[PDB]
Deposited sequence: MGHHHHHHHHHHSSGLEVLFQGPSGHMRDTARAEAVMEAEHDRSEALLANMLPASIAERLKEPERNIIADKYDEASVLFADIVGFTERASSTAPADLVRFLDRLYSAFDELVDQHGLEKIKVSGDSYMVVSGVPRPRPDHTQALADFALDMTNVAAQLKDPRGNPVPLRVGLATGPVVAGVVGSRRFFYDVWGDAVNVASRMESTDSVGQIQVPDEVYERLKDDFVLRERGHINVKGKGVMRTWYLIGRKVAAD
């Protein structure tokens, strides 16, 4: 009922590639153990970075930066988290020794946030940056972090990005070693 508007925020959506095929090929107990280990790592990483996980929807995972506490480096902070996230997914092997490939989408812009007290994920975030971020994950290529121009312009001096081959998007490659 109570909605709060944030002018600046950055939103991440992460989604497992091929999880239907994984879930159909894995015993239910081992699938639960795999997902719990992956999400326990993700949850730890979120609090380590001081961010907030807003929604976990099956094999989807939504993280916000700048809400409820605004920070001037909200886009840069989410980018460092996203790179840690994909590296965690790359190093975390199932009992078969295969990584769990992700699609990750990042966006920045205004959001609205509110408390829905009767829910588990009782703090909801919606709005422009959430809608763009979901688009970025939706159309992402396997294993990449896809971002729009507005994110690119905020990361380009500290991070390496490559333009994806009307809307132009970019792949977040990693942190610059030196400027």
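Enquirer: Quickly check which stretches of the deposited sequence aren't in the model, judged by C-alpha, and list them in order.
Expert: The deposited sequence has unmodelled segments at 1-66, 232-239, 254.
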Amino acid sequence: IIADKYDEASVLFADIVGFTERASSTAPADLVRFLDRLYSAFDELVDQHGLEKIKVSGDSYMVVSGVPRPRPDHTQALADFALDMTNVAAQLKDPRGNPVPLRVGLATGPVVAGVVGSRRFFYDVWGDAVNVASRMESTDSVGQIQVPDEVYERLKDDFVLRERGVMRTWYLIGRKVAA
From here on, numbers count along this sequence of modelled residues.
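Enquirer: Could you check the entry and say whether 138-146 or 23-31 has the higher mean CA B-factor?
Expert: Stretch with the greater average CA B-factor: 23-31.
Enquirer: Hey, which bit's got the bigger mean C-alpha B factor in the entry, 116-124 or 36-44?
Expert: Mean CA B-factor is higher for 116-124.
Enquirer: Return the residue from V17, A14, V166, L155 that has the highest Cα B-factor in the entry.
Expert: Top of the list by C-alpha B-factor: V166.
Enquirer: Taking the values straight from the PDB record, which of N98, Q76, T86, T108 has the highest C-alpha temperature factor?
Expert: Highest C-alpha B-factor among the listed options: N98.
Enquirer: When the deposited Cα B-factors of this chain's modelled residues are ordered and cut into thirds, is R69 in the lowest, the middle or the highest one?
Expert: Highest third of the chain for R69's C-alpha B-factor.
Enquirer: Per the entry's values, where does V104 land by CA temperature factor relative to the rest of its chain, in the lowest, middle or highest third?
Expert: Within its chain, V104 is a lowest-third residue by C-alpha B-factor, going by the deposited values.
Enquirer: Looking at the entry's B-factor column for C-alpha atoms only, identify whether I173 ranks in the lowest, middle or highest third of its chain.
Expert: Middle third, going by the recorded CA B-factors of the chain.
Enquirer: Among the chain's modelled residues, which third holds the C-alpha B-factor of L92?
Expert: Highest third.
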